[PDB]
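Here you get one chain, nothing else, as structure tokens; it is the form deposited without its partner chain.
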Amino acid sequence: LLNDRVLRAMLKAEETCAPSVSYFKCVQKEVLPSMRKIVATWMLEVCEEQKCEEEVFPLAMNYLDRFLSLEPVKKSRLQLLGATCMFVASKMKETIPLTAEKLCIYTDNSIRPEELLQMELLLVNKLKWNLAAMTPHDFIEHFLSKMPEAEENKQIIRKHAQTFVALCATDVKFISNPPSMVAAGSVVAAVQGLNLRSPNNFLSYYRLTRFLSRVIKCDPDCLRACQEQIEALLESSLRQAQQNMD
């Protein structure tokens, strides 16, 4: 059909938007994983508070990672980068984008609209204006279209998967794993959990890793490894949810 035709293209287009798995070792001198964690977290809270399109945050994290793969960055300059990636991602995905001033307010006016706008030109140039990379949300919808499952069921899968996607974007994995695979793993973790609680209902679950890794043209062991990493993350989120005291 056209699914595959466009699918093959999008899978290729994805190879052109791939960040480096080793940019913390080879390109960054100041910026460490823990700091990407902090910025990612702040970027997500801004996207939540602003009720952005679900795909703004993951997409802005793709930009960030891709920029870090090509440019060394001062850690004092990192929040500006991230704010700029939200700016660009938002403009790409949203009917009504984030404003430069709104983003600045979210850094407590640590940056000013003028810094943001300079950084936009830098960011966009580094990435060669290759900004319309397909999103995990894109893949999720594609997978869902191939699945026999009532709409109410897809709606619940959608909700959970997007939680997993956002969870990944805050973590080091988002870097090595392509959106198509992050999306696949999230769907498998979702469908699999839902059917566990509701047998006889979410039955596209069976051998879904095999099914989706064909669609995705990937090693199924990589997908499973991926999904297992996603599910560990969601458990590691017992820590953050509670220790909000001392």
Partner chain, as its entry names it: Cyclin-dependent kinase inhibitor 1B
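Between two forms, the rigid core is the largest collection of C-alphas that superpose within 1.5 Å. Numbering follows the first chain given and starts at 1.
Beyond the structure shown, there is the form solved in complex with its partner chain, which is absent from this document and is the topic of what follows.
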item	value
Site test, 144, 221 and 231 vs its partner chain in the deposited complex, non-hydrogen atom cutoff 4.5 Å	no
In the deposited complex, residue 165 touching its partner chain (heavy atom, 4.5 Å)	no
Contact of residue 194 with its partner chain in the deposited complex (heavy atom, 4.5 Å)	no
Its partner chain contact in the deposited complex: residue 159, any heavy atom under 4.5 Å	no
In the deposited complex, residue 42 touching its partner chain (heavy atom, 4.5 Å)	yes
Sole residue of 153, 176, 170, 107 within 4.5 Å of its partner chain in the deposited complex, by heavy atom	107
Partner contacts for 73-94, taking its partner chain in the deposited complex and a 4.5 Å heavy atom cut-off	74, 75, 76, 77, 78, 79, 80
Is_shifted residue 28 between the shown form and the other one (CA, 2 Å cut-off, rigid core)	no
Residue 198 C-alpha moves between the shown form and the other one by 2 Å or more, core aligned	yes
Residue 221 C-alpha moves between the shown form and the other one by 2 Å or more, core aligned	yes
Sense of CA distance change between residue 144 and residue 195 in the deposited complex, threshold 3 Å	farther
Pair residue 195/residue 167, Cα separation in the deposited complex versus the displayed form, closer or farther by 3 angstroms or more	closer
